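As structure tokens, the next two blocks hold two forms of the same chain, structure 1 and structure 2.
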Structure 1
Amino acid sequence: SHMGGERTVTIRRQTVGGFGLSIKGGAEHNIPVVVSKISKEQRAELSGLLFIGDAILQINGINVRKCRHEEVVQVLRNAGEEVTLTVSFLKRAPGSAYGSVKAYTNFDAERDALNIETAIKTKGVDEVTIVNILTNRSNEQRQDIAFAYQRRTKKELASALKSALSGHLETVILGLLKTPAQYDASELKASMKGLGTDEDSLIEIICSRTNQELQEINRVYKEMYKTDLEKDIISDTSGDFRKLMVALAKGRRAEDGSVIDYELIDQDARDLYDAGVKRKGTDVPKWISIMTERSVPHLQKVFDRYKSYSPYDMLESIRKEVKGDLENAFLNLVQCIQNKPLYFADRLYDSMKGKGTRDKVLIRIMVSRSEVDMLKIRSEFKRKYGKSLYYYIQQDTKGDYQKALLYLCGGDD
């Protein structure tokens, strides 16, 4: 969200019966009211003065920044012939530059839904067409495709593809159709389903997701399953492992500070040492407090400074000090803090190196990181393992399932 420099613009009522403007937004959507369309008439008058994407900050000196939609339309409707706007351009925040899946430029949700309907109803199901489309669309575009498909067929898209697709391909495609928060929410529910817990999957998602992502996950989890994510974590975890997971899942880690606190970096490094290697036993609450509350750039420097006081680095210290699920959680969290692309590169390698494939981890990472940092993951993977992630997917998977994953990868390295 980039707000441009403020500007004043005068608009005049037209004899057609209005200002020739269209607006969206408002305080209810927690984004300011923005100009969405300028008429043919008004554009000739306002060439270079007002633009689509301009947020309306003031109307005739009245601040409408924190006003909801109808409040703004009532002011402009109950206004005079001329109106003076204070405006500012809203350049929407860009996505990641390091994702493999980009948004298709000439995107037609109706044409995509039609082509998918044709592929689904082709005798034998045209999987290639389905994979080609959905792996070359952004997640948001797939949501538009799903809405258009349901109107066209009276059938939900994910429901249709669950019967048209089978095996691991179905798992990939159904995974791509969910929003990021829905996918993680449903993967978390799956890790806590029935008796026992897939702690590895719970650890992977909770340790790796950011504050904003965990915020949306906690909301979407409660909407889907009518229970709080924290309550299911409490019922499926125990001891200090539970406390760490509950702390992380809140998504209230300190945001990246502007200044580097070298004194706190040193004190956190010593407290981490004093709580573990330097003593008998471990002060696990101290470890949890520092590693869940401090910002990520800070902890990165804390872990390096820690090596000045400790004979072992943070990861080796964790292995020596704690065991079981608690150890595994700490090990994943520190990797995610130190180098998250490398973390995922190693988990991808682990899921393919040996007999068969841990498809659950492979599919989840290729889906969830395709629009985040897949290009960095690929870079770290080729750097460490000498062959591309593309290569390993080829040797471990086959068929349309393989082609789907290769598309989410994005190419060879």
Structure 2
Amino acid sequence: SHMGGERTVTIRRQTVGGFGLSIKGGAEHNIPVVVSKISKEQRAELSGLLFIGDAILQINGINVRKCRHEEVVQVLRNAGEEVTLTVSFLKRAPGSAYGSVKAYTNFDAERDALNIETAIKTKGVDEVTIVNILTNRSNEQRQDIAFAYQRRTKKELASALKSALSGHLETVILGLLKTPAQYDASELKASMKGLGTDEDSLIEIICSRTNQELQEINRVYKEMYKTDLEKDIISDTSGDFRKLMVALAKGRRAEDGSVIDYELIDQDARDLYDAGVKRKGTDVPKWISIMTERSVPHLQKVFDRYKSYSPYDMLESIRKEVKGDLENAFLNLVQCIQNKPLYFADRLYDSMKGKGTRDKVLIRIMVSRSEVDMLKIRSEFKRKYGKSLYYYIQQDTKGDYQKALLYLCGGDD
């Protein structure tokens, strides 16, 4: 569920055939008319302007959104040699194949809102019903339940659930109610609000989020707090640690190119070697520029080619070269590039391995990754440590707070 930004594109008609575009859809099927195929002649002309998936909403200023299929065809037929198209890219931004939380098929936001309202109204609060619902609904479904709750009760859902839930259970439920950008931005402000900084949390978010995720994060951070994320990062960091975080937080990393640039993979690997292990000291800006700007699939091969030049891998080299917040930052970044699910499985184990529980990290990883790569986090938590992530959550938490985390885990092993 996602409609892109509108764009005006002018096309031309070929002598053999026509505009060179196949279309499908219409108001009969409750779907817009979308370009399905682009011919090789008009492929080079419309490179970057029109793509398969664009929904033609206006033709020469005529709104063809609520129109049928053959009605839109006849408009393109009876047009001149050129047509100006207003298009909007239809994508499928919600969803992931490796999330543990599955979409509830018999979903009804009005019924779930009423069942939660009666669960809040029950004396002592029926937290079990609230947990069994919100932990088995996708984030997009939770927003619908919040809108249905306020529609029926004239009261915000998150404010009523804060009055009904307490402890770590409240933190889990209230975290699931925020959108991914809302939740990531709220956790970022928490790492910087005050006179100190939770570098462990600031590093975890900035190093692991992708370009698309960081774009919406920077947007909602300015909307919720009236300050750009880059300013607060600058105010809370310093030195080369500030440089690495501000650069990573831009989300302007190169997209994975269609070619495997072998010459750049060897040159980048040798550059990292010459900038650290080979020389006295470290060329920190060279390490920053390479690991922040290149794509992840490129840097994965770079780090393997780096094992050809250095007797220590990138992680071991980072330990021997830099220290403190800069070292920890680079270590988290390389883990996210090499194997991001293993990065999270390692952080989950560290949050529970000792006395007590670092609940701040356990909750955030279970909330933010339940619909991204939790299935991959689980498969490697079991592989490395011998027992399931379910087993560790079972041993480290109790009560309804345990039940919610095990729901976000999604199963044993």
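The term rigid core refers to the maximal set of C-alpha atoms that superpose within 1.5 Å between the two forms. All residue numbers here follow the sequence of structure 1, with the first residue given the number 1.
**Q** Once each C-alpha is given to the rigid part whose superposition fits it better, for the motion between the two structures, do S96 and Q141 end up together?
**A** Same rigid body, so yes.
**Q** What is the turn angle of the smaller rigid part between the two structures, given in degrees?
**A** Rotation of the smaller rigid body relative to the larger: 127 degrees.
**Q** Superpose the two forms on the rigid core and tell me the Cα shift of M352 between the two structures in angstrom.
**A** Here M352 registers a C-alpha shift of 0.2 Å.
**Q** State the core-superposed CA shift for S39 between the two structures, in Å to one decimal.
**A** After core superposition, the C-alpha of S39 moves 31.9 Å between the two structures.
**Q** Core overlaid, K91 C-alpha shift between the two structures, how many Å?
**A** Rounded to one decimal, the shift is 7.5 Å.
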